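For reference, the structure discussed in these notes is given below.
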Amino acid sequence: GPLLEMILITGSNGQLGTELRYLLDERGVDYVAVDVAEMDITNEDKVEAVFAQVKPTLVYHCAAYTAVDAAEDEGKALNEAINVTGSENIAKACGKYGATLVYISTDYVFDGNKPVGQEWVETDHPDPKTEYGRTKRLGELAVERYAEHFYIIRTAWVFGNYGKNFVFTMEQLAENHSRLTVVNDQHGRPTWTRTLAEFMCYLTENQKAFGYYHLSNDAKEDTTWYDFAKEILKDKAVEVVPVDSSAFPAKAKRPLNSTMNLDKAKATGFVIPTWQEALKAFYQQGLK
Ligand SMILES: NC(=O)c1ccc[n+]([C@@H]2O[C@H](COP(=O)([O-])OP(=O)(O)OC[C@H]3O[C@@H](n4cnc5c(N)ncnc54)[C@H](O)[C@@H]3O)[C@@H](O)[C@H]2O)c1
Ligand SMILES: O=C(O)Cc1ccc(CO)cc1
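Numbering-wise, the working numbering comes out as the position in the sequence shown, counting from 1, plus 224.
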């Protein structure tokens with residue numbers, strides 16, 4: 225209420241939701257955690273029922289549908305339900321209960337038509353070309369409309385120890401395949417869920433200004449998926465082969481350069497590791 229902070233985590237068993245739960249555990253912060261089997265964000269009656277019981281003042285919205293290629297076709301309906309309907313439901317619930325809403329969005333809200341070396345800023349106009357990115361942008365607009373107190377954090381290429389991601393896909397494939405093909409003409413930056421969870425909590429702990437923030441891990445140089453995969457699999461007996469995006473017919477028309485400018489997040493005081501340092505820490509944390 226006005227005197228008690230009450231934290232609700234949605235999508236709490238995802239890779240980001242789990243990371244955040246563990247982070248708040250470390251800091252001795254209490255929360256209520258829900259995922260599909262406790263509060264299906266597409267069911268507005270269930271969302272209302274949970275909010276009536278919990279009365280959150282702060283909601284970390286980590287539920288999402290993030291299968292980019294499936295969202296173009298076989299998962300098109302579920303992508304829309306979770307990322308549009310679900311986003312609207314959570315933003316409306318937060319507005320009704322007066323809760324601050326931290327909404328995680330994506331670098332894929334941009335069209336990607338930006339020269340290598342240039343970066344997308346929070347004030348740039350979204351124009352997404354993937355089903356996934358379209359629905360996340362609609363989720364941003366719902367949050368903007370219904371949650372008066374909000375942080376929209378656009379992140380990218382998310383990986384961490386507590387769910388499925390590009391890193392574990394690559395390692396699984398390397399267990400039985402000697403040659404892998406990874407695009408070298410799609411530019412962006414990985415984001416470790418631990419960095420993202422820490423930034424999520426840095427904004428709220430320090431009551432930074434509401435609005436939009438870009439958060440990926442950082443890079444001294446250009447980064448493509450190939451660069452990421454090459455580093456992921458450097459201890460493996462697999463050849464990572466750079467290809468361009470026309471080498472194989474892809475279902476999703478992914479942005480060619482969705483590298484996010486990080487100046488605004490840096491201006492908060494938050495220190496952003498490079499993705500190389502983050503990946504090394506991810507490997508160390510996974511041993512726990
Ligand atoms: N995977 C990426 O590279 C990537 C890239 C850009 C942005 N993001 C954003 O990161 C956020 C979450 O990241 P993640 O990597 O942990 O995704 P994730 O797939 O690991 O898990 C997200 C959680 O959403 C849950 N969920 C789905 N539908 C639900 C529903 N109807 N009700 C309740 N829960 C539901 C899922 O079961 C899951 O636990 C999302 O906002 C995503 O859009 C991710
Ligand atoms: O492609 C996939 O299914 C996983 C994925 C999702 C979103 C983004 C955008 O950052 C990148 C990768």
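Heads up, the beta-carbon is just placed ideally off N, CA and C, and yes, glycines get one too.
1. Which residue marks the beginning of the alpha helix (DSSP H) containing residue 218, and which one marks its end?
2. Using the three-state DSSP reduction, which class does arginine 251 fall into: helix, strand or coil?
3. Among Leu503, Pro280 and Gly235, which has the Cα closest to the Cα of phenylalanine 392?
4. Return yes when at least one heavy atom of ligand 1 lies under 8 Å from the C-beta of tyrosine 321, else no.
5. Which residue's Cα is closest to the Cα of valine 340: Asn430, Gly412 and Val367?
6. Please confirm whether any heavy atom of ligand 2 lies closer than 8 Å to the CB of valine 292.
7. Using C-beta distances below 7 Å, list every residue in its chain close to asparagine 385, excluding the 5 sequence neighbours before and after it, in chain order.
8. Cα separation between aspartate 459 and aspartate 468?
9. For ligand 1, any of its heavy atoms closer than 8 Å to the Cβ of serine 329?
10. Going residue by residue through the region 379 to 449, where are the continuous alpha helix (DSSP H) segments of at least 4 residues, counting only ones entirely within it?
11. For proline 350, count neighbouring C-beta atoms within 10 Å of its own C-beta (all shown protein chains included) and say buried if the count is 16 or more, exposed if not.
12. Whole alpha helix (DSSP H) runs in the region 283 to 325 with 4 or more residues, listed along the chain?
13. Any idea if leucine 228 is buried or exposed, counting beta-carbon neighbours within 10 angstroms, 16 or more meaning buried?
14. Is the beta carbon of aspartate 442 closer than 9 Å to that of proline 497?
15. Give me the Cα-Cα distance between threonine 359 and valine 258, rounded to the nearest whole angstrom.
16. Near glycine 299, which residues of its chain fall below 6 Å by C-beta distance, leaving aside the five closest residues on each side in sequence?
17. Quick one: what's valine 465 bridged to in DSSP?
18. Measure the CB-CB distance between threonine 492 and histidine 438 and report whether it falls below 9 Å.
19. For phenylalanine 494, tell me which candidate among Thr419, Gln500, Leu248 and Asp446 has the shortest Cα-Cα distance.
20. Rounded to whole angstroms, what's the CA-CA distance from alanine 288 to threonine 415? Just pull it up for me.
21. Using alpha carbons as the reference points, say which of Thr242, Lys338 and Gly225 lies closest to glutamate 422.
22. I'd like the list of long-range same chain contacts for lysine 270, defined as Cβ closer than 7 Å, with 5 residues on each side in sequence excluded.
23. Under 8 Å from any heavy atom of ligand 2, does the C-beta of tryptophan 381 make it?
24. For the region 388 to 408 and the region 314 to 334, state whether three or more C-beta atom pairs, one from each stretch, are separated by less than 8 Å.
Taking the definition as stated:
1. Since the displayed the chain opens at 225 and closes at 512, residue 218 lies outside it and no answer follows.
2. Coil at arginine 251, not helix or strand.
3. If we check each option's Cα against that of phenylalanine 392, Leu503 comes out closest.
4. In terms of side-chain proximity, the C-beta atom of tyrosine 321 is found no nearer than 8 Å to any non-hydrogen atom of ligand 1.
5. Looking from the CA of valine 340, the closest CA among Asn430, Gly412 and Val367 belongs to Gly412.
6. For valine 292, the distance from the CB to the nearest heavy atom of ligand 2 is below 8 Å.
7. Same-chain partners within the cutoff: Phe506, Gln509 and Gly510.
8. Taking the CA atoms as reference points, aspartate 459 sits about 24 Å from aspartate 468.
9. Annotation for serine 329 indicates a beta carbon within 8 Å of some heavy atom of ligand 1.
10. The qualifying runs are 390 to 398 and 417 to 429.
11. So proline 350 counts as buried.
12. Runs of the alpha helix (DSSP H) inside the region 283 to 325: 300 to 304 and 310 to 321.
13. Of the residues assessed, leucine 228 falls on the exposed side of the cut-off, its CB having fewer than 16 other CB atoms within 10 angstroms.
14. Taking 9 Å as the Cβ cut-off, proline 497 and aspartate 442 qualify as a contacting pair.
15. For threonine 359 and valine 258, the gap between their C-alpha atoms comes out near 22 Å.
16. Cβ-Cβ distances below 6 Å link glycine 299 to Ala291 in the same chain, with the five nearest sequence neighbours on each side left out; the list follows chain order.
17. Residue pairing from DSSP places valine 465 in a beta bridge opposite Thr405.
18. Going by beta carbons, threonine 492 and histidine 438 fall outside the 9 Å limit.
19. Of the listed residues, the one whose Cα sits closest to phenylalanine 494 is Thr419.
20. Straight-line Cα distance between these residues: approximately 16 Å.
21. Of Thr242, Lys338 and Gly225, the residue nearest in Cα terms is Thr242.
22. Counting only residues of its own chain and dropping the five nearest sequence neighbours on each side, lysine 270 has a CB closer than 7 Å to the CB of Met263 and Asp264.
23. Checking the Cβ of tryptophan 381 against ligand 2 gives yes.
24. Touching, no, given that fewer than three Cβ pairs across the two stretches are closer than 8 Å.
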